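Quick notes on the structure that follows.
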Amino acid sequence: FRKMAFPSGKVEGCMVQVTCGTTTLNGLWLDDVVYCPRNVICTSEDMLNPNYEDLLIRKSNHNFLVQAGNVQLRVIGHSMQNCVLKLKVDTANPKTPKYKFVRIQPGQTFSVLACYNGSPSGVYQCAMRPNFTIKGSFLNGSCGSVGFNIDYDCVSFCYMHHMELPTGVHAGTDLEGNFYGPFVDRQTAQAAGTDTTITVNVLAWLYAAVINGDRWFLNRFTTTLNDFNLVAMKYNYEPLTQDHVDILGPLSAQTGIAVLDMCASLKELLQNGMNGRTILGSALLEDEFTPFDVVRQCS
Ligand SMILES: [Cl-]
């Protein structure tokens, strides 16, 4: 049961490289605007404690070298929107897809087109952790790469990678420059806080395991939401809400296993472990498939 990324074509024609000083990173070219992390304007000394307003005032349009494939895009304007830099250029991207900017919730998933210096290298499916970090070693060289979902014909951009925290975990913003989580684009000590397991996603993955024949872990017990959540808190699982129950509706309907029934099976797995067995070929419970993801990749 494999992670699936959205097809990346519509985003590939939007990826450009942005250089300021010694720093090159990735930028997103939509219409006549290139979006990228504002930390591109910082020198290594600047990053310790940048005044971005003052730094941005020192820069001129010619300080920003933007290139799409071959043609290099003349920057005719530079503006800051929270933590994203907006480089206005004199050419609208002819490959611009229908798109929207959306802010996602912790636990939601998205595809990242990982790029090096403007060039697409690969696509990865990830999740926004409960603590608003993104797990994924590939983001180390991919500053300015973006995360997205495709909803019908529209690319919904939800993430732009900005930095690694001193622990190594990855942090970024929505496309209007607001960080996910309590993080700032400054090179200083910053803690992400306890990450937890996305409970509703584990339940969705257990349903996928049932749909694919893997059902040894089903027991006959049931549970109430309150009793389950007491167990969940113990193992650093996120609390399950009635909204999460409703979202799991379609999967219960297809399988015939009520949601609280499945919660009782998960409780038993949390208390007892798997005793050396696997589920969907995994020895650990997977929490980076959403209920929508499982629905989409089953029928
Ligand atoms: Cl059960």
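Readers should treat all values here as calculations from the given coordinates under stated rules, not as data from a laboratory. Using ideal geometry, Cβ is built from the backbone for each residue, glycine included, and neighbour counts are taken over all protein chains shown.
At a glance:
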quantity	calculated
Residue in region 167-178 that is in a helix (DSSP H, G or I), more than 24 Å from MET4 (Cβ to Cβ), of a type outside the set (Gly, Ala, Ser) and without any contact (Cβ under 8 Å) to a residue 60 or more places away in the chain present	no
Within region 24-121, strands (runs of 3 or more DSSP E) holding 2 or more residues that are of a type in the set (A, V, I, L, M), in contact (Cβ under 8 Å) with a residue 60 or more places away in the chain and over 21 Å from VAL146 (Cα atoms)	none
Selection status of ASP32, acidic (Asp, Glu), on the phi < 0 side of the Ramachandran plot and touching a strand residue (DSSP E or B) at 6+ places or on another chain (Cβ under 9 Å)	yes
For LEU260: the one exception among (1) buried (at least 17 other Cβ atoms within 10 Å of the Cβ); (2) more than 9 Å from the ligand (Cβ to nearest atom)	(2)
So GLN187, is it assigned to a loop (DSSP other than H, G, I, E, B), polar (S, T, N, Q) and more than 12 Å from the ligand (Cβ to nearest atom)	yes
Unmet criterion (only one of (1) within 26 Å of the chain's Cα centre (by Cα); (2) in a loop (DSSP other than H, G, I, E, B); (3) within 12 Å of the ligand (Cβ to nearest atom)) for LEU240	(3)
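For every residue, the table says whether it meets (1) within 13 Å of the ligand (Cβ to nearest atom); (2) over 19 Å from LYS3 (Cβ atoms); (3) in contact with a helix residue (DSSP H, G or I) (Cβ under 7 Å, 6 or more places away or on another chain); (4) not hydroxyl-bearing (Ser, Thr, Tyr).
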position: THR197; (1), (2), (3), (4): no, no, no, no
position: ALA208; (1), (2), (3), (4): no, no, yes, yes
position: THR222; (1), (2), (3), (4): yes, yes, yes, no
position: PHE228; (1), (2), (3), (4): yes, yes, yes, yes
position: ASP246; (1), (2), (3), (4): no, yes, no, yes
position: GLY281; (1), (2), (3), (4): no, no, no, yes
position: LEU284; (1), (2), (3), (4): no, no, no, yes
position: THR290; (1), (2), (3), (4): no, no, yes, no
